[PDB]
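Below: the structure, in structure tokens.
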Amino acid sequence: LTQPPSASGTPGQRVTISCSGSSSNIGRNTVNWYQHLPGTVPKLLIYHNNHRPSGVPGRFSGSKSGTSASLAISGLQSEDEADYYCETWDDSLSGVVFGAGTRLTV
Amino acid sequence: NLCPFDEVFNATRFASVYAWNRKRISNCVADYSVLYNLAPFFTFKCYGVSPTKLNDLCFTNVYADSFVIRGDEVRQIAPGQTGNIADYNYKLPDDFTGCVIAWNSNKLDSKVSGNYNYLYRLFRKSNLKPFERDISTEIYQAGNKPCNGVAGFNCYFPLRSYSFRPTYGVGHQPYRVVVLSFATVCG
Amino acid sequence: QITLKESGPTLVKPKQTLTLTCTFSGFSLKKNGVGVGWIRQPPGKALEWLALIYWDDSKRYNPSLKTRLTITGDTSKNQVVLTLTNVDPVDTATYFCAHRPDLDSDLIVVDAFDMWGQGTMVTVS
Ligand SMILES: *[C@@H]1O[C@H](CO)[C@@H](O[C@@H]2O[C@H](CO)[C@@H](O)[C@H](O)[C@H]2NC(C)=O)[C@H](O)[C@H]1NC(C)=O
């Protein structure tokens with residue numbers, strides 16, 4: 001796929017994350033998101049789109065505008081100094097294609 | 001006496017979402033004691049009824065539905081949930097009070113070219129009255145000039161066909177979906 | 001209550017066959033609609049996905065790695081076993097067996113890893 005390497009933000013403003021790829025996977029299938037602190041285990045943060053499991057703040061939401069997956073950060077604070085990953089199943093590549101990672105500073 | 005659920009869950013072929021096949025179960029006892037005894041491997045979802053009281057209940061009717069849909073479409077088959085597939089292929093009523101089972105079939109519903117034999121209706125003049133099976137295959141218009149059959153600019157054969165190649169995502173894979181909808185039958 | 005427990009050798013010389021494993025708990029792979037993953041972690045680089053075992057032995061690999069990755073899951077032994085050969089120092093990583101459902105009990109497709117293993121710091125030297 002395609003993902004910018006990093007993003008920045010003061011603790012609290014509306015911070016945008018972007019992701020992109022081709023029409024086979026992100027333009028057709030559904031998008032995922034993850035939060036990974038450095039050195040520890042990652043965890044799911046948004047599945048299919050815009051919907052979260054138990055244990056996720058509801059302020060962070062996505063959008064599938066064709067080939068774009070757009071995670072959002074509003075209300076930044078200390079804990080989420082972490083690498084943010086977009087994945088999607090690919091139809092042609094027949095597998096799971098991750099993003100490039102994006103670390104958000106507080 | 002064993003009512004047939006061994007063909008509502010083991011049949012080789014179903015039909016599409018526009019041609020959802022019914023099974024009218026009556027006059028019989030169906031051995032429920034294996035269908036939830038199968039570590040519900042199939043994805044199992046009951047509304048109002050509970051998995052611990054199938055044996056000890058009785059009904060006027062058990063209509064047993066069956067249709068095949070793409071992976072992300074199993075959100076639709078529940079009361080209150082809206083969108084294209086409910087609006088155009090299968091509407092459930094809000095006070096439906098049965099149990100829904102679905103399971104994945106990349107086996108038997110997928111070649112490497114994918115089976116194009118499974119259809120779905122995009123379009124119709126109105127949203128469905130619930131539980132109305134629609135085998136209607138006329139040529140849909142929604143514009144100022146409804147012509148006879150000249151395709152192009154909203155003159156479609158609305159029953160387009162899915163593709164189900166097994167390289168697809170799980171949200172696109174073909175799901176084998178059965179609604180157990182609901183004066184004799186007990187346990 | 002779902003837990004991915006993984007194990008295997010980590011002090012491995014380069015270029016022979018590394019076999020790893022992960023014993024999954026809290027569910028079964030006899031369930032259908034369920035995959036179990038394997039995830040690369042080059043430290044400070046990215047994550048890459050290796051493979052999925054599906055319940056009917058449906059076989060997926062990363063298109064970078066076809067021949068060096070073949071995969072098996074023994075549901076009877078309640079574990080999935082990862083096999084890989086001719087192993088480079090770039091393959092020094094931490095590997096994650098992780099759980100990939102599609103249930104989401106109000107029935108929305110997940111297609112994602114919701115529960116993960118802790119990881120094994122695999123070393124190639
Ligand atoms: C579909 O057919 C299979 C093949 O026989 C049935 O599976 C067996 O069913 C018997 C009778 O219930 C059980 O004792 C076995 O343990 C089952 N074996 C396996 C591997 O599942 C299955 O029950 C049939 N489906 C339905 C709905 O009857």
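As shown in the structure tokens, the chain order sets the letters A, B, ...; within each chain, residues go from 1, and ligands are also counted from 1 in the order they appear.
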Close residues to ligand 1 using only C-alpha atoms and all ligand atoms, limit 6 Å, as a compact mmCIF listing (two decimals) with N, CA, C and O atoms, in the first residue's frame:
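Final file, result_28.txt:
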```
# COMPACT_ATOMS: atom_id res chain seq x y z
N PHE B 5 -33.41 -30.91 8.49
CA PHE B 5 -32.39 -29.89 8.54
C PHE B 5 -31.10 -30.39 7.97
O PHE B 5 -30.18 -29.61 7.72
N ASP B 6 -31.02 -31.69 7.73
CA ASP B 6 -29.88 -32.28 7.05
C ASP B 6 -29.89 -32.01 5.55
O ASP B 6 -28.97 -32.45 4.86
N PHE B 9 -28.92 -27.57 5.58
CA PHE B 9 -27.54 -27.24 5.85
C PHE B 9 -26.54 -28.08 5.09
O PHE B 9 -25.34 -27.84 5.22
N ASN B 10 -26.98 -29.07 4.31
CA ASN B 10 -26.05 -29.90 3.57
C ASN B 10 -26.34 -29.94 2.07
O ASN B 10 -25.76 -30.77 1.37
```
Requested in this report: Identify every residue of chain B that has at least one atom within 7 Å of any atom of chain C, counting only C-alpha atoms, and report the result as a VMD selection string.
Outcome: chain B and resid 41 to 43 71 to 72 74 to 75 103 to 104 170 to 171
With N, CA, C and O atoms retained, write the just-selected residues as an mmCIF file, in the first residue's frame.
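Written out: again_34.cif:
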```cif
data_model
loop_
_atom_site.group_PDB
_atom_site.id
_atom_site.type_symbol
_atom_site.label_atom_id
_atom_site.label_comp_id
_atom_site.auth_asym_id
_atom_site.auth_seq_id
_atom_site.Cartn_x
_atom_site.Cartn_y
_atom_site.Cartn_z
ATOM 1 N N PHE B 41 -20.095 -24.073 15.149
ATOM 2 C CA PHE B 41 -18.981 -23.627 14.275
ATOM 3 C C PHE B 41 -19.565 -22.592 13.319
ATOM 4 O O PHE B 41 -18.951 -21.534 13.110
ATOM 5 N N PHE B 42 -20.742 -22.892 12.778
ATOM 6 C CA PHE B 42 -21.414 -21.898 11.910
ATOM 7 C C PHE B 42 -21.729 -20.669 12.753
ATOM 8 O O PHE B 42 -21.931 -20.810 13.968
ATOM 9 N N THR B 43 -21.767 -19.499 12.120
ATOM 10 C CA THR B 43 -22.006 -18.262 12.853
ATOM 11 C C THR B 43 -23.491 -18.133 13.161
ATOM 12 O O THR B 43 -24.326 -18.118 12.253
ATOM 13 N N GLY B 71 -19.718 -11.619 1.532
ATOM 14 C CA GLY B 71 -19.300 -11.601 2.927
ATOM 15 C C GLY B 71 -19.806 -10.423 3.735
ATOM 16 O O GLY B 71 -20.344 -10.599 4.829
ATOM 17 N N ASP B 72 -19.691 -9.215 3.197
ATOM 18 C CA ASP B 72 -20.062 -8.050 3.989
ATOM 19 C C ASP B 72 -21.562 -7.821 4.045
ATOM 20 O O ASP B 72 -22.000 -6.819 4.615
ATOM 21 N N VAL B 74 -23.931 -9.855 5.370
ATOM 22 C CA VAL B 74 -24.647 -10.562 6.426
ATOM 23 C C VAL B 74 -25.024 -9.591 7.532
ATOM 24 O O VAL B 74 -25.689 -9.963 8.503
ATOM 25 N N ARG B 75 -24.580 -8.343 7.403
ATOM 26 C CA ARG B 75 -25.070 -7.277 8.261
ATOM 27 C C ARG B 75 -26.543 -7.027 8.011
ATOM 28 O O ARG B 75 -27.269 -6.607 8.919
ATOM 29 N N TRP B 103 -22.654 -19.428 7.413
ATOM 30 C CA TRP B 103 -21.325 -20.002 7.474
ATOM 31 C C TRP B 103 -20.659 -19.820 6.134
ATOM 32 O O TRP B 103 -21.329 -19.641 5.118
ATOM 33 N N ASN B 104 -19.337 -19.897 6.130
ATOM 34 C CA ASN B 104 -18.616 -19.554 4.922
ATOM 35 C C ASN B 104 -18.534 -20.765 4.017
ATOM 36 O O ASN B 104 -18.397 -21.904 4.466
ATOM 37 N N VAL B 170 -12.576 -11.725 2.896
ATOM 38 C CA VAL B 170 -13.631 -12.357 3.672
ATOM 39 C C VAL B 170 -14.920 -11.558 3.561
ATOM 40 O O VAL B 170 -16.007 -12.134 3.431
ATOM 41 N N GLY B 171 -14.820 -10.233 3.483
ATOM 42 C CA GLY B 171 -15.990 -9.416 3.222
ATOM 43 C C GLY B 171 -16.592 -9.598 1.843
ATOM 44 O O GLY B 171 -17.694 -9.104 1.591
#
```
Query raised in the report: Where in range 2-178 of chain B does DSSP assign helix (DSSP H, G or I), given as a PyMOL selection string?
Result: chain B and resi 32-34+71-75+84-88
Near chain B, 10 Å: chain A residue rows, closest pairs, only C-alpha atoms, as a tab-separated table:
```
residue	atom	partner	partner_atom	distance
A:24	CA	B:168	CA	9.7
A:25	CA	B:169	CA	8.6
A:28	CA	B:172	CA	9.3
A:29	CA	B:169	CA	6.7
A:30	CA	B:171	CA	7.3
A:48	CA	B:171	CA	8.6
A:88	CA	B:169	CA	8.5
A:89	CA	B:169	CA	5.5
A:90	CA	B:169	CA	6.9
A:91	CA	B:168	CA	4.9
A:92	CA	B:167	CA	7.0
A:93	CA	B:167	CA	8.1
A:94	CA	B:167	CA	5.1
A:95	CA	B:167	CA	7.9
A:96	CA	B:169	CA	9.2
```
Take the residues from that selection and put them in a file with C-alpha atoms, as a tab-separated table (two decimals), in the first residue's frame.
```
chain	number	residue	atom	x	y	z
A	24	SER	CA	-7.97	-4.02	-6.07
A	25	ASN	CA	-7.66	-3.94	-2.27
A	28	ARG	CA	-12.74	-2.53	-3.24
A	29	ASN	CA	-12.31	-4.34	0.08
A	30	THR	CA	-12.62	-2.96	3.61
A	48	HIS	CA	-14.08	-3.12	8.70
A	88	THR	CA	-6.61	-4.57	3.74
A	89	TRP	CA	-6.97	-7.93	2.03
A	90	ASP	CA	-5.83	-7.80	-1.59
A	91	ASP	CA	-7.72	-9.57	-4.33
A	92	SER	CA	-4.87	-9.98	-6.82
A	93	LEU	CA	-2.06	-10.35	-4.28
A	94	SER	CA	-4.21	-12.96	-2.44
A	95	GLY	CA	-3.16	-11.90	1.02
A	96	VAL	CA	-2.86	-9.20	3.64
```
Report task. For chain A, work out the contacting residues on chain C at 9 Å, counting only C-alpha atoms, and write them as number ranges by chain. Result -> C: 43-52, 60-63, 96, 104, 108-119
Produce a file of the selected residues containing N, CA, C and O atoms, as a short mmCIF file (atom, residue, chain, number, x, y, z; two decimals), in the first residue's frame.
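And here is the file that came out, out_4.cif:
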```
data_model
loop_
_atom_site.label_atom_id
_atom_site.label_comp_id
_atom_site.auth_asym_id
_atom_site.auth_seq_id
_atom_site.Cartn_x
_atom_site.Cartn_y
_atom_site.Cartn_z
N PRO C 43 12.43 -5.03 13.74
CA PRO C 43 12.36 -4.01 14.80
C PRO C 43 12.79 -2.64 14.30
O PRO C 43 13.92 -2.46 13.85
N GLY C 44 11.88 -1.69 14.38
CA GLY C 44 12.12 -0.36 13.87
C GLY C 44 11.91 -0.20 12.38
O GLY C 44 12.34 0.82 11.82
N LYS C 45 11.28 -1.16 11.71
CA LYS C 45 11.06 -1.04 10.27
C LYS C 45 9.58 -0.97 9.91
O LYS C 45 9.12 0.10 9.47
N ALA C 46 8.81 -2.03 10.14
CA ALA C 46 7.40 -2.17 9.76
C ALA C 46 6.90 -3.48 10.36
O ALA C 46 7.62 -4.15 11.10
N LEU C 47 5.66 -3.86 10.02
CA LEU C 47 5.19 -5.23 10.15
C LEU C 47 4.90 -5.76 8.76
O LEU C 47 4.47 -5.00 7.88
N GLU C 48 5.13 -7.05 8.56
CA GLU C 48 4.64 -7.72 7.36
C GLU C 48 3.85 -8.94 7.79
O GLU C 48 4.08 -9.52 8.84
N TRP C 49 2.91 -9.32 6.95
CA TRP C 49 2.06 -10.46 7.24
C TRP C 49 2.63 -11.66 6.51
O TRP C 49 3.08 -11.55 5.38
N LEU C 50 2.63 -12.81 7.19
CA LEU C 50 3.12 -14.04 6.57
C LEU C 50 2.01 -14.89 5.97
O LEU C 50 1.94 -15.05 4.75
N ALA C 51 1.12 -15.41 6.80
CA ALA C 51 0.27 -16.49 6.33
C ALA C 51 -0.99 -16.53 7.16
O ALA C 51 -1.04 -16.05 8.29
N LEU C 52 -2.02 -17.13 6.57
CA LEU C 52 -3.26 -17.42 7.26
C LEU C 52 -3.56 -18.89 7.09
O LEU C 52 -3.50 -19.42 5.97
N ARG C 60 -2.82 -19.34 2.33
CA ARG C 60 -2.43 -17.98 1.94
C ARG C 60 -1.00 -17.69 2.37
O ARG C 60 -0.60 -18.09 3.46
N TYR C 61 -0.24 -16.98 1.53
CA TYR C 61 1.11 -16.58 1.90
C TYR C 61 1.35 -15.16 1.40
O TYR C 61 0.62 -14.65 0.56
N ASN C 62 2.38 -14.54 1.94
CA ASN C 62 2.80 -13.24 1.44
C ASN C 62 3.42 -13.45 0.07
O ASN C 62 4.29 -14.32 -0.07
N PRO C 63 3.03 -12.67 -0.94
CA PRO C 63 3.58 -12.84 -2.30
C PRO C 63 5.08 -12.66 -2.41
O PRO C 63 5.67 -13.13 -3.38
N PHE C 96 4.24 -13.07 15.48
CA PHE C 96 2.95 -12.88 16.14
C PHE C 96 1.97 -13.84 15.50
O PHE C 96 1.59 -13.66 14.35
N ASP C 104 -18.05 -10.68 14.88
CA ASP C 104 -18.57 -9.43 15.43
C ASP C 104 -20.06 -9.56 15.73
O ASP C 104 -20.89 -9.04 15.00
N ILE C 108 -21.10 -8.11 11.67
CA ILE C 108 -20.35 -7.33 10.69
C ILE C 108 -19.04 -8.07 10.45
O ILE C 108 -18.51 -8.69 11.37
N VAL C 109 -18.60 -8.10 9.20
CA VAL C 109 -17.33 -8.74 8.85
C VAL C 109 -16.18 -8.05 9.58
O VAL C 109 -16.14 -6.82 9.68
N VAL C 110 -15.31 -8.84 10.20
CA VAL C 110 -14.14 -8.25 10.85
C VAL C 110 -12.99 -8.15 9.86
O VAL C 110 -12.52 -7.05 9.55
N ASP C 111 -12.56 -9.30 9.34
CA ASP C 111 -11.42 -9.44 8.43
C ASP C 111 -10.16 -8.80 8.99
O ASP C 111 -9.44 -8.08 8.30
N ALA C 112 -9.89 -9.06 10.26
CA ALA C 112 -8.83 -8.33 10.94
C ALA C 112 -8.32 -9.16 12.09
O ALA C 112 -8.97 -10.10 12.53
N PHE C 113 -7.15 -8.79 12.60
CA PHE C 113 -6.62 -9.47 13.77
C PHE C 113 -7.08 -8.75 15.02
O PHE C 113 -6.67 -7.62 15.28
N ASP C 114 -7.91 -9.42 15.83
CA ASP C 114 -8.41 -8.84 17.07
C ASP C 114 -7.63 -9.25 18.31
O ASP C 114 -7.46 -8.45 19.23
N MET C 115 -7.17 -10.49 18.37
CA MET C 115 -6.34 -10.96 19.47
C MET C 115 -5.03 -11.47 18.90
O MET C 115 -4.99 -12.04 17.82
N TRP C 116 -3.95 -11.23 19.64
CA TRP C 116 -2.61 -11.51 19.17
C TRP C 116 -1.87 -12.33 20.20
O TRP C 116 -2.24 -12.38 21.38
N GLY C 117 -0.82 -13.00 19.75
CA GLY C 117 0.15 -13.54 20.67
C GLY C 117 1.14 -12.50 21.12
O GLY C 117 1.26 -11.43 20.52
N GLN C 118 1.86 -12.80 22.20
CA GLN C 118 2.82 -11.84 22.73
C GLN C 118 4.03 -11.70 21.83
O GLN C 118 4.51 -10.58 21.62
N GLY C 119 4.53 -12.79 21.29
CA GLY C 119 5.63 -12.73 20.36
C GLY C 119 6.83 -13.54 20.83
O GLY C 119 7.01 -13.82 22.02
#
```
Query raised in the report: When distances are computed from only C-alpha atoms, which of A:82, A:104, A:37, A:1 shows the smallest separation from residue 16 in chain A?
Result: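 Closest to residue 16 in chain A, using only C-alpha atoms: A:104.
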Requested in this report: Name the residues of range 11-187 of chain B that fall into strand (DSSP E) according to DSSP on the backbone, using the chain letters and numbers of this document, as a ChimeraX atom specification.
Outcome: /B:23-25,43-46,62-64,67-70,99-104,119-121,159-161,174-180
Query raised in the report: What's the 10 Å shell around residue 62 in chain B, counting only C-alpha atoms, without same-chain residues fewer than 3 positions away, as a list in words?
Result: residues 23, 24, 25, 26, 58, 59, 65, 98, 180, 181, 182, 183, 184 and 185 of chain B
**Report entry** Residue contacts of residue 138 in chain B (10 Å, only C-alpha atoms) excluding same-chain residues fewer than 6 positions away, as an NGL selection string
**Finding:** :B and (124 or 149 or 155-159)
Store the residues of this selection in a file with N, CA, C and O atoms, as a short mmCIF file (atom, residue, chain, number, x, y, z; two decimals), in the first residue's frame.
```cif
data_model
loop_
_atom_site.label_atom_id
_atom_site.label_comp_id
_atom_site.auth_asym_id
_atom_site.auth_seq_id
_atom_site.Cartn_x
_atom_site.Cartn_y
_atom_site.Cartn_z
N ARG B 124 -35.16 -1.43 -8.22
CA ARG B 124 -36.59 -1.62 -8.13
C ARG B 124 -37.17 -0.27 -7.78
O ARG B 124 -36.45 0.60 -7.27
N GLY B 149 -36.66 -1.68 -24.32
CA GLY B 149 -35.57 -2.55 -23.91
C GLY B 149 -34.20 -2.05 -24.31
O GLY B 149 -33.22 -2.80 -24.23
N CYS B 155 -31.45 1.56 -17.95
CA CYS B 155 -32.33 0.59 -18.57
C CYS B 155 -31.77 -0.80 -18.33
O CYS B 155 -31.59 -1.60 -19.25
N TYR B 156 -31.44 -1.09 -17.09
CA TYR B 156 -30.57 -2.22 -16.80
C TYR B 156 -31.39 -3.48 -16.58
O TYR B 156 -32.58 -3.43 -16.27
N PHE B 157 -30.73 -4.61 -16.78
CA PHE B 157 -31.19 -5.89 -16.27
C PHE B 157 -30.69 -5.95 -14.84
O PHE B 157 -29.53 -6.30 -14.61
N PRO B 158 -31.54 -5.64 -13.85
CA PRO B 158 -31.04 -5.28 -12.52
C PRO B 158 -30.48 -6.45 -11.75
O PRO B 158 -29.83 -6.23 -10.72
N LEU B 159 -30.68 -7.67 -12.22
CA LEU B 159 -30.16 -8.86 -11.55
C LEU B 159 -28.74 -9.14 -12.02
O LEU B 159 -28.46 -10.09 -12.76
#
```
Report task. Could you check how far CA of residue 48 in chain B sits from CA of residue 187 in chain B, in Å to one decimal? Result ->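 CA of residue 187 in chain B lies at a distance of 18.3 Å from CA of residue 48 in chain B.
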Query raised in the report: Near range 15-20 of chain C, within 6 Å and counting only C-alpha atoms, which residues show up once chain neighbours fewer than 4 positions away are dropped, as an MDAnalysis selection string?
Result: chainID C and resid 8 81:87
Write out as a PDB file with N, CA and C atoms, in the first residue's frame the residues lying within 7 Å of residue 91 in chain B, counting only C-alpha atoms and excluding same-chain residues fewer than 3 positions away.
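Contents of part22.pdb, freshly written:
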```pdb
ATOM      1  N   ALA B  86     -31.167  -5.271   1.624  1.00  0.00           N
ATOM      2  CA  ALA B  86     -32.486  -5.316   2.231  1.00  0.00           C
ATOM      3  C   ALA B  86     -33.499  -4.566   1.382  1.00  0.00           C
ATOM      4  N   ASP B  87     -33.119  -3.389   0.867  1.00  0.00           N
ATOM      5  CA  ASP B  87     -34.046  -2.568   0.093  1.00  0.00           C
ATOM      6  C   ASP B  87     -34.432  -3.187  -1.236  1.00  0.00           C
ATOM      7  N   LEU B 128     -38.634  -2.906  -0.302  1.00  0.00           N
ATOM      8  CA  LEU B 128     -39.494  -4.068  -0.140  1.00  0.00           C
ATOM      9  C   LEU B 128     -40.397  -3.972   1.075  1.00  0.00           C
ATOM     10  N   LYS B 129     -41.641  -4.375   0.866  1.00  0.00           N
ATOM     11  CA  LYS B 129     -42.423  -4.977   1.928  1.00  0.00           C
ATOM     12  C   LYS B 129     -41.666  -6.204   2.434  1.00  0.00           C
ATOM     13  N   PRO B 130     -41.573  -6.408   3.750  1.00  0.00           N
ATOM     14  CA  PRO B 130     -40.789  -7.530   4.272  1.00  0.00           C
ATOM     15  C   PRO B 130     -41.331  -8.887   3.864  1.00  0.00           C
ATOM     16  N   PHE B 131     -40.396  -9.829   3.708  1.00  0.00           N
ATOM     17  CA  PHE B 131     -40.645 -11.224   3.341  1.00  0.00           C
ATOM     18  C   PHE B 131     -41.352 -11.370   2.001  1.00  0.00           C
TER      19      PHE B 131
END
```
Requested in this report: Compile the contact shell of residue 27 in chain C as JSON, numbers by chain: residues with an atom at most 10 Å away, counting only C-alpha atoms, same-chain residues fewer than 6 positions apart removed.
Outcome: {"C": [1, 2, 3, 4, 34, 78, 99]}
